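These notes are about the structure you will find just below.
Lettering of chains follows the sequences in order, A, B, ..., and the numbering in each one begins at 1. Every number for a ligand or one of its atoms is a count from 1 in the order of the listing.
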Amino acid sequence: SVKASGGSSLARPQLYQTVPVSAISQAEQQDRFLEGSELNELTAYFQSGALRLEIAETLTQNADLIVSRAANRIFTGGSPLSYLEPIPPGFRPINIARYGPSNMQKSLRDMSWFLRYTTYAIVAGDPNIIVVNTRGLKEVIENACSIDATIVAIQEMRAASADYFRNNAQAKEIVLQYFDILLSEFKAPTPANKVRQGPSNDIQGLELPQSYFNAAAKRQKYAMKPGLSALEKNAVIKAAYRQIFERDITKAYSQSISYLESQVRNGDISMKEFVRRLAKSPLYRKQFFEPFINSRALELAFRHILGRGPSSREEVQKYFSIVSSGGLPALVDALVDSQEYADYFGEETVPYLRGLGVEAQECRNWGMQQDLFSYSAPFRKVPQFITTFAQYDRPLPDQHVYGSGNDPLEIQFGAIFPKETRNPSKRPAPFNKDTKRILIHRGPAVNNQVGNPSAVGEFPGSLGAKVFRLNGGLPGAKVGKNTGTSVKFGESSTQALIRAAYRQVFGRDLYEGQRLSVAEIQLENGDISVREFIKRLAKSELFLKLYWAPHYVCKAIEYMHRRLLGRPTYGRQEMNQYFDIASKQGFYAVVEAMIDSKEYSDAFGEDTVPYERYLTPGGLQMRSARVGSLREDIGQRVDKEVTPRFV
Amino acid sequence: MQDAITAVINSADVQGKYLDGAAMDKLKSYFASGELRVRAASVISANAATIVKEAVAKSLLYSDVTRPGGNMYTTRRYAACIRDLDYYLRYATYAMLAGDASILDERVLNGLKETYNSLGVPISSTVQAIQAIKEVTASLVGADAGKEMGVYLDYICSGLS
Amino acid sequence: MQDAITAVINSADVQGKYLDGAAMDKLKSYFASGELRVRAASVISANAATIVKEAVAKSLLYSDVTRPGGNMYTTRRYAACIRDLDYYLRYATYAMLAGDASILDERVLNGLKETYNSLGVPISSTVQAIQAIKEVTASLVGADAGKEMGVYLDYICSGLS
Amino acid sequence: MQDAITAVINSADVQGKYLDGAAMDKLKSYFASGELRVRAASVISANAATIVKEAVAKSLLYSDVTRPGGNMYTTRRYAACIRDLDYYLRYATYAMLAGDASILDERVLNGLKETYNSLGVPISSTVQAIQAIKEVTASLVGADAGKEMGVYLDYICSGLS
Amino acid sequence: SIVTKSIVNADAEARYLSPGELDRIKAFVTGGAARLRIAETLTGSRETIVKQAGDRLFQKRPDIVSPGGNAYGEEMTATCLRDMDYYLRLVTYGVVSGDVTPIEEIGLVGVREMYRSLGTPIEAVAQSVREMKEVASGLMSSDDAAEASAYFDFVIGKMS
Amino acid sequence: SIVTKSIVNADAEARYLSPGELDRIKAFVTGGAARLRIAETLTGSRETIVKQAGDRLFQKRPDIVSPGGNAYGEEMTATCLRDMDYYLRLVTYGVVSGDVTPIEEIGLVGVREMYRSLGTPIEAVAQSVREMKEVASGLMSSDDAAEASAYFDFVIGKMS
Amino acid sequence: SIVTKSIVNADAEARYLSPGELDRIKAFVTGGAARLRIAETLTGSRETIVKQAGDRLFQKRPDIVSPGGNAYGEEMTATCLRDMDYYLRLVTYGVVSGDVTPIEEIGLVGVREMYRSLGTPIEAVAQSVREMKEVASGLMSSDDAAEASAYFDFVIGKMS
Amino acid sequence: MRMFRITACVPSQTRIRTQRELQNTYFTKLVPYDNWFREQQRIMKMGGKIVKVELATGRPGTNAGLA
Ligand SMILES: *[C@H](C)[C@H]1/C(=C/c2[nH]c(/C=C3N=C(/C=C4\NC(=O)C(CC)=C4C)C(C)=C\3CCC(=O)O)c(CCC(=O)O)c2C)NC(=O)[C@@H]1C
Ligand SMILES: *[C@H](C)[C@H]1/C(=C/c2[nH]c(/C=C3N=C(/C=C4\NC(=O)C(CC)=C4C)C(C)=C\3CCC(=O)O)c(CCC(=O)O)c2C)NC(=O)[C@@H]1C
Ligand SMILES: *[C@H](C)[C@H]1/C(=C/c2[nH]c(/C=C3N=C(/C=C4\NC(=O)C(CC)=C4C)C(C)=C\3CCC(=O)O)c(CCC(=O)O)c2C)NC(=O)[C@@H]1C
Ligand SMILES: *[C@H](C)[C@H]1/C(=C/c2[nH]c(/C=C3N=C(/C=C4\NC(=O)C(CC)=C4C)C(C)=C\3CCC(=O)O)c(CCC(=O)O)c2C)NC(=O)[C@@H]1C
Ligand SMILES: *[C@H](C)[C@H]1/C(=C/c2[nH]c(/C=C3N=C(/C=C4\NC(=O)C(CC)=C4C)C(C)=C\3CCC(=O)O)c(CCC(=O)O)c2C)NC(=O)[C@@H]1C
Ligand SMILES: *[C@H](C)[C@H]1/C(=C/c2[nH]c(/C=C3N=C(/C=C4\NC(=O)C(CC)=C4C)C(C)=C\3CCC(=O)O)c(CCC(=O)O)c2C)NC(=O)[C@@H]1C
Ligand SMILES: *[C@H](C)[C@H]1/C(=C/c2[nH]c(/C=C3N=C(/C=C4\NC(=O)C(CC)=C4C)C(C)=C\3CCC(=O)O)c(CCC(=O)O)c2C)NC(=O)[C@@H]1C
Ligand SMILES: *[C@H](C)[C@H]1/C(=C/c2[nH]c(/C=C3N=C(/C=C4\NC(=O)C(CC)=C4C)C(C)=C\3CCC(=O)O)c(CCC(=O)O)c2C)NC(=O)[C@@H]1C
């Protein structure tokens with residue numbers, strides 16, 4: 001399996017274009033309200049739509065009759081309708097028995113599905129659904145189906161739909177032209193596939209059929225020609241600002257460089273030269289270079305100029321070396337004066353975001369580019385490309401099975417988790433079921449249960465956390481100290497145990513009206529053991545309110561396991577177990593399961609208060625990789641400082 | 001954690017050398033200041049709630065922080081900040097007794113910035129409160145030991161800012 | 001984990017069909033090698049501490065790693081490295097018995113790099129120590145089974161890259 | 001980014017009050033230390049490649065990292081490590097000139113721990129390398145400005161952890 | 001600040017600050033006592049400037065406070081006086097910083113869009129700062145006035 | 001260190017140090033000059049103790065030095081004398097700390113697993129420190145020897 | 001120059017020079033006579049500054065004048081002092097200009113590519129200018145030397 | 001900053017395969033001096049023909065003061 005995941009954000013491909021879709025998206029890409037044009041697109045469609053309902057309603061009802069009259073004309077030698085699911089060029093009627101039942105079932109359903117897609121075409125009001133699904137169909141159907149028989153079948157249906165309807169010339173012509181498009185697209189052979197050639201050796205070459213880029217909403221492409229009237233020239237410049245700055249900033253804040261605008265309006269500098277000068281401008285520098293790391297600003301510079309994310313590990317490595325050498329100008333210069341930029345946009349065309357629909361996509365930087373094309377990209381300040389690309393070659397990282405966000409910070413108190421929304425730093429990794437996470441023991445390294453399972457109930461001797469035990473006799477256990485004995489020495493020890501037992505369940509010491517006084521005195525009397533006392537504090541409504549309720553279910557399970565057992569979960573096997581209990585039984589039973597677990601009983605007895613036994617490598621790094629606490633012999637060469645021989 | 005004794009021992013152990021004249025003098029300096037450290041800690045221990053009381057009064061109280069909209073508005077969040085400064089003063093006392101700020105990095109400052117950012121706790125307001133602790137502690141304890149406490153309280157501030 | 005058997009089972013199960021002729025051939029090839037796999041495992045089981053001993057003496061002992069300043073100097077750290085090489089030999093045997101390096105990805109190399117970076121475990125010196133195991137195991141078991149063991153021992157090494 | 005001037009302006013701007021005498025003293029302190037900061041920046045800029053040279057020799061060279069299997073074996077990795085320490089020194093001078101650790105939390109640290117984890121770069125080693133920079137920088141410039149440089153180099157170490 | 005400007009420009013080119021930029025900061029740092037003195041004078045009579053310049057604004061431009069105006073009302077007049085208190089505060093930040101960056105980032109970027117949405121005339125607020133320029137110059141020496149007015153006329157120039 | 005122990009105990013209870021714990025450190029601080037006296041005595045005659053205890057071990061246990069033994073050879077005996085030199089260094093750290101923590105942390109935890117791996121008899125190393133105790137005891141005062149013996153017996157006790 | 005860069009920075013934002021930026025030009029112009037005095041000292045003693053530091057190079061690094069070196073012979077040594085004469089002229093341009101702009105564009109851009117072609121050690125030329133800094137510091141006053149040091153150190157720093 | 005008044009046609013080699021829209025390949029533009037070497041090389045690698053180049057911005061044989 002793969003060791004890294006870039007993310008799997010929802011992809012929404014446009015299967016076919018409708019009139020409302022074509023109208024709305026036209027102004028959406030331009031970042032405008034629907035003007036007198038785009039409103040009139042809808043107005044004429046909504047008026048005709050009532051008639052377009054009557055087209056389909058007749059054709060949906062009489063669908064059985066159209067396909068029956070078609071199949072009878074085409075297929076000879078029996079009845080084709082036994083197993084229902086004008087210009088002849090030179091067709092020969094196909095025998096029913098000779099063609100075979102399996103081929104006949106295909107033939108019949110396609111004839112119905114051709115008419116079905118015609119009815120959808122009128123209702124949509126755009127023959128896009130036809131153009132896509134009919135263009136590259138002649139070639140694939142040629143193998144085991146005659147083309148000559150299909151043309152006359154559609155032409156029969158054209159006449160069949162004409163005679164059955166026949167209302168008005170303003171009504172029937174919609175039926176006629178859509179059928180006329182249908183036969184013309186079917187007569188047309190399969191066009192050449194769109195070949196996305198790799199710009200260098202590092203990036204793979206791709207191919208996309210001439211059907212996928214026929215529906216998936218074409219990105220509006222603006223080119224600065226010197227003769228254009230200044231209204232559409234303004235539309236080009238606004239689009240150029242919408243590409244570089246992700247949004248129209250000249251409308252928002254009136255932030256515009258008129259010095260550069262004037263030169264492009266004339267034709268002194270090209271759009272290639274404009275993008276160059278605009279991306280090295282202090283206006284871009286402040287917004288997409290200054291707030292970001294060198295790696296992330298590089299990743300943003302890719303989508304602004306080239307209109308795509310970095311494709312390969314080698315590409316990020318190359319372009320980071322450029323931005324380290326000469327900075328932002330040198331990076332911009334490398335991006336504009338590339339073989340890719342001049343191939344896609346040339347000199348005149350404004351850069352555009354080439355995503356799922358525009359071109360063929362590679363299976364490498366899918367989710368990394370999906371989040372990048374979003375407007376929420378310049379808030380993810382953690383790089384997504386260089387992180388995933390490096391993690392691809394490496395094995396599985398030190399991470400919780402349900403992501404990096406599921407890992408809490410290894411602190412004394414407070415369940416603090418990285419938020420998915422606030423500062424996107426989600427790092428998915430394909431963890432399987434039987435994947436045990438390597439955990440660092442607080443005590444001796446030999447006392448790890450992975451290598452030494454017998455030494456699970458061994459106390460950390462001044463290496464890890466302090467162990468609290470009810471070793472000493474509880475006050476008022478035996479009737480030796482009769483009535484009096486005001487100075488019973490064994491009283492402060494059990495109270496310190498209670499406080500520590502509170503400190504383990506809830507990281508911090510609680511307030512006055514939060515302490516369970518009933519549970520405390522039962523432990524002090526010797527009615528319940530520590531195991532029962534820890535269980536009661538974790539079964540408290542306060543623990544539910546503070547740690548369980550405000551947090552994500554599996555985050556709350558993970559933190560509870562780090563508090564009750566003092567250990568992060570090894571992997572899926574344990575996490576799925578408690579998550580199954582959380583679904584069926586509830587929170588209280590999850591508490592019960594973690595206490596009544598065998599590993600709890602082995603590590604901590606009936607008198608032992610739980611403690612931090614194991615840390616995550618990331619957690620220990622936070623503790624012992626700071627300026628202090630770090631030893632000299634961790635990751636540094638130690639030279640023996642000896643007095644010189646001349647001294 | 002490591003104290004001033006352990007820090008000298010560890011440094012000598014890393015080299016693989018016996019405790020030399022330079023190492024012995026570092027220990028002797030700690031044992032000279034040992035009487036100053038214990039007496040200082042006892043003063044802080046006795047007036048634990050008192051320092052925090054006059055720290056919040058100076059910096060935090062009667063500000064936008066206490067008033068609605070501020071972070072330290074609710075009684076829940078007020079008692080949280082009191083506890084925080086109670087923790088900060090106690091761990092500064094530990095580092096003062098030890099003569100090393102190793103405990104502060106291990107138990108306090110380990111992902112404290114990431115914690116305070118996520119909750120929405122103001123860094124500048126917290127620093128000022130620890131700065132308020134420093135001035136209160138120095139006025140209570142003394143000049144030399146108050147300076148000693150002031151170093152580790154600055155170390156908390158530097159790790160938080 | 002997945003062995004050579006379960007890998008064939010996994011592939012057949014996701015296809016949603018019974019084990020075909022090609023699936024049976026892959027099993028029979030494993031069972032033919034299985035006699036050599038168990039034989040090698042039993043020798044490594046008996047000679048477990050001796051292989052580690054010879055590996056440490058080859059690479060780690062009488063070096064800067066075991067000397068003061070090194071990471072394999074301290075006794076708790078020495079015994080850790082012994083146990084670490086006790087892991088590597090055990091899990092390499094596991095993968096050798098399995099016929100797949102799936103267990104190495106799931107348990108051994110599962111965030112091993114980040115573990116070793118956090119503690120300050122030498123990456124170069126550990127790889128050489130696994131190579132020291134590889135050379136000893138091949139000389140102890142045989143030229144065929146030791147080479148077969150060497151594949152999974154190189155997989156741990158390449159996983160630490 | 002924010003400098004010491006902009007930081008005290010923004011703190012007054014968020015409260016919506018004019019700069020008072022206490023806020024003015026923060027500026028006067030910066031205008032007093034400004035001559036020390038400019039002179040320090042000129043020294044480090046001159047010996048930019050020279051400071052790194054000594055720092056790598058003190059900490060990184062003749063260790064695990066440079067040896068085969070380590071994270072500084074290949075020449076591409078080594079050159080990237082020099083580049084990284086060239087980054088750290090350059091941004092520490094920026095923060096020193098600014099008199100605020102705002103640029104470090106913007107362009108240096110905010111999304112560095114995630115990259116260093118993913119690449120498999122040891123953080124424990126690079127912290128020691130910045131500590132090696134800190135010792136060289138303080139020895140070259142002085143005790144007064146080296147302490148000032150020290151804070152911002154320690155800020156990078158804290159953010160990496 | 002010129003410190004911020006020089007660092008970010010050096011950050012852009014991925015280079016250390018040139019000694020031709022360092023001497024600019026050195027001259028800026030040394031000549032800071034004058035800038036703080038001007039700012040102290042401006043903040044000293046913060047209410048006095050707003051009251052005088054506000055009174056002269058509504059005298060010269062009566063339609064602002066006339067029925068049908070933008071600042072016509074009780075709270076509407078108070079908000080404009082508060083707006084003047086904002087821009088005077090922005091000026092004082094600019095004088096302190098020795099740069100027009102703090103004036104820009106806080107309250108100068110998107111001023112045209114802001115006052116358009118509120119329905120406030122942009123040239124009348126530009127007049128309001130121009131009135132504040134004249135009052136502030138009156139309570140200061142010629143050298144101090146010309147330095148501060150340079151920040152004032154920038155605010156006027158960016159508006160109108 | 002007893003200072004470290006007192007702080008850790010106070011950390012776990014999440015309280016300020018007890019007046020009993022504060023007096024425990026205060027007694028250790030005052031009696032620190034005596035501990036540094038023993039440490040300097042052991043440091044000063046480190047080469048004398050190791051050589052004397054070495055020869056005394058090899059006479060009592062000839063089997064370790066005899067052909068077929070673990071410490072047979074001029075290079076293997078040198079490692080054995082180095083081993084004791086490490087253990088004597090661990091003692092000096094213990095006396096200074098006033099606690100059996102530094103001896104445990106560095107050179108006691110995972111000693112049994114270490115010497116089994118090397119093929120060294122653990123009882124012979126226990127004898128070696130017991131010989132080191134005897135030489136050190138007869139080189140300092142009775143009060144100095146009794147204090148040092150507490151750390152020595154801890155090394156013997158854990159290894160045995 | 002400081003002037004040319006300030007115009008570039010203002011034109012990049014497409015605006016007039018800032019009140020702060022104009023003051024930095026003012027600060028440069030006022031101290032313009034001081035900068036010319038530094039240049040006059042260096043240009044007046046151009047022969048002595050090249051001969052002293054030229055000799056100091058050969059005493060420090062003798063491998064240059066040794067057989068097999070780059071500057072071996074009467075002609076090759078004459079080109080080495082010619083090279084230093086060019087760099088001394090560049091420094092005088094830089095102090096007058098106020099920025100390291102003229103030093104860069106004439107004889108510092110592609111300095112690595114130049115001496116790599118000729119087969120000259122880049123560290124040796126870095127040391128030669130470093131010797132020129134030491135002679136200049138002694139002959140000139142402390143305030144002037146420290147100002148000129150930053151321009152010299154930029155030549156050394158980029159050639160290192 | 002010196003700029004070159006450059007006139008070159010750069011025909012697309014992949015236009016047929018990529019199936020992208022037709023763009024005006026003939027352009028008269030100003031290009032910076034620092035970029036011109038990378039610009040010229042890019043054009044002539046695509047098989048593009050350079051027609052006319054003029055030094056519109058700057059003085060020929062300048063030593064100091066370029067940008
Ligand atoms: C007081 C100076 C300022 C302040 C404090 C404040 N803190 C919290 C809550 C928490 N405090 C912490 C931090 C720590 N965890 C640790 O491990 C340490 C070191 C020992 C500390 C100091 C944590 C984890 C929390 C979260 C909840 C908890 O108590 O476990 C709050 C409440 C935040 C909330 O909304 O819940 C507050 C207000 N904030 C101010 O306004 C003061 C300037
Ligand atoms: C009056 C009933 C009694 C009384 C009141 C008193 N309170 C304070 C100080 C404060 N009171 C609060 C408490 C709250 N603020 C909140 O947000 C909430 C929750 C809604 C409460 C209950 C706080 C935070 C303060 C500090 C002041 C501030 O807000 O900035 C005082 C002042 C004491 C002092 O100076 O420390 C007083 C007098 N005292 C009595 O004896 C009355 C019976
Ligand atoms: C020996 C080859 C090298 C070496 C080893 C070394 N390791 C540690 C500490 C730990 N080792 C691990 C790793 C694992 N535990 C697992 O579950 C697995 C997968 C099967 C492995 C390999 C862990 C988790 C630790 C931490 C302690 C613990 O046991 O929980 C150390 C000690 C580090 C310290 O300072 O504590 C050492 C020395 N280092 C060398 O010098 C050799 C090259
Ligand atoms: C001998 C031909 C010349 C020479 C050698 C020399 N090199 C160093 C220092 C190092 N050399 C390297 C380079 C590499 N190690 C690698 O792994 C690779 C990739 C295969 C290379 C090319 C490194 C990393 C070091 C540092 C040592 C270390 O491993 O940590 C020195 C020492 C420099 C010093 O004083 O520190 C020397 C002498 N020098 C000459 O004069 C010869 C022409
Ligand atoms: C040297 C102290 C240690 C070290 C460094 C090292 N770094 C890389 C590669 C990269 N460096 C970074 C980090 C940054 N990106 C930023 O934005 C910033 C802040 C301005 C920095 C410093 C990144 C993202 C990369 C990736 C680019 C690349 O591939 O070069 C390497 C190379 C690792 C590799 O080849 O994958 C190295 C070695 N690691 C050590 O071993 C030293 C202790
Ligand atoms: C002498 C008392 C006995 C003896 C000694 C002996 N030891 C070794 C091997 C090692 N001993 C150690 C132990 C330590 N080194 C440390 O750092 C510490 C903590 C401070 C201790 C206690 C180690 C690590 C080694 C390895 C040596 C190396 O540096 O590479 C040997 C050699 C074993 C062999 O044959 O390889 C010997 C002989 N053996 C006896 O018989 C005596 C009873
Ligand atoms: C067909 C009638 C004759 C013919 C055509 C031909 N032209 C070219 C070259 C190009 N023509 C274009 C196309 C346009 N540029 C525009 O802006 C417009 C208006 C929208 C058009 C129509 C372009 C851009 C080129 C250059 C190549 C490219 O695709 O980028 C050629 C190719 C020349 C070559 O060998 O490269 C051809 C064949 N030639 C004939 O023989 C016909 C009589
Ligand atoms: C050296 C033989 C003589 C010389 C050279 C010289 N050239 C320039 C300027 C440029 N040279 C080119 C030309 C090319 N671009 C190409 O595509 C090719 C073919 C592969 C070449 C050779 C370009 C584009 C430049 C501009 C530089 C840039 O970076 O863009 C100069 C500099 C001119 C100036 O005054 O700045 C020089 C000196 N001239 C001589 O004196 C030699 C005889």
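- Contact annotation for H:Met44 and ligand 8: only side-chain heavy atoms (C-beta onward) come within less than 4.0 Å of the ligand.
- For atom 40 (C) of ligand 8, the nearest protein heavy atom is 4.0 Å or more away.
- No salt bridge links A:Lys218 with H:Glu21; every basic N to acidic carboxylate O contact stays at or beyond 4.0 Å.
- Geometrically, ligand 2 and B:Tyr78 share no nitrogen or oxygen pair separated by less than 3.5 Å.
- Less than 4.0 angstrom separates atom 6 (C) of ligand 7 from none of the non-hydrogen atoms of the protein.
- Using a cutoff of 4.0 Å between basic side-chain nitrogens and carboxylate oxygens, A:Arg354 and A:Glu340 are scored as salt-bridged.
- Of all the heavy atoms of H:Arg2, the ones lying under 4.0 Å from any atom of ligand 8 belong exclusively to the side chain.
- By the 6.0 Å and 45° rule, B:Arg90 stacks over the aromatic ring of B:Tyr87.
- Ligand 7 lies less than 4.0 angstrom from a heavy atom belonging to H:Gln23.
- Closest to atom 21 (C) of ligand 2 among all protein heavy atoms lies B:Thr75 CG2, 4.2 Å.
- Scanning the protein for heavy atoms near atom 14 (C) of ligand 7, the closest one is H:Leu22 CD1, 3.9 Å.
- For atom 36 (O) of ligand 7, the nearest non-hydrogen atom of the protein is H:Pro11 CB, 4.6 Å.
- Ring centers of A:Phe345 and A:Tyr352: under 6.0 Å apart, within the cut-off.
- Looking only at heavy atoms of the protein, atom 20 (C) of ligand 2 is closest to B:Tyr73 OH, 4.1 Å.
- In this structure, atom 33 (C) of ligand 8 has protein heavy atoms in its sub-4.0 angstrom surroundings.
- Taking a distance limit of 4.0 Å, we find that atom 30 (O) of ligand 7 is approached by some protein heavy atom.
- Looking only at side-chain heavy atoms (C-beta outward), A:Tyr319 and A:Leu331 come within less than 4.5 Å of each other.
- Listed by number with element, the atoms of ligand 7 under 4.0 Å from a non-hydrogen atom of H:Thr25 are 24 (C), 30 (O).
- By the 4.0 Å N-to-carboxylate-O rule, G:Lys5 lies close enough to G:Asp99 to be salt-bridged with it.
- At a 3.5 angstrom cut-off on N or O pairs, H:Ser12 counts as close to ligand 7.
- There is a protein heavy atom closer than 4.0 angstrom to atom 16 (C) of ligand 8.
- For the pair B:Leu89/F:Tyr16, a side-chain contact is recorded, criterion being any heavy-atom separation below 4.5 Å from C-beta on.
- Of the protein's heavy atoms, B:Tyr62 OH, 4.8 Å lies nearest to atom 8 (C) of ligand 2.
- A:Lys280 has a carboxylate O that lies under 4.0 Å from a charged side-chain N of A:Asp333, or vice versa, which qualifies the two as a salt bridge.
- Looking at H:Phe37, H:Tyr33, H:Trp36 and measuring to atom 12 (C) of ligand 8, the nearest heavy atom belongs to H:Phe37.
- Taking both residues in full, the closest heavy atoms of G:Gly94 and G:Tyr151 are given as O-CE2, 3.3 Å, listed atom of the first, atom of the second, then distance.
- Not a single donor-acceptor pair under 3.5 Å links the side chain of A:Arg219 to the backbone N or O of A:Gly357.
- At the top of the distance list for atom 25 (C) of ligand 2, counting protein heavy atoms only, stands B:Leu61 CD2, 4.8 Å.
- For atom 1 (C) of ligand 8, the nearest protein heavy atom lies 4.0 Å or farther away.
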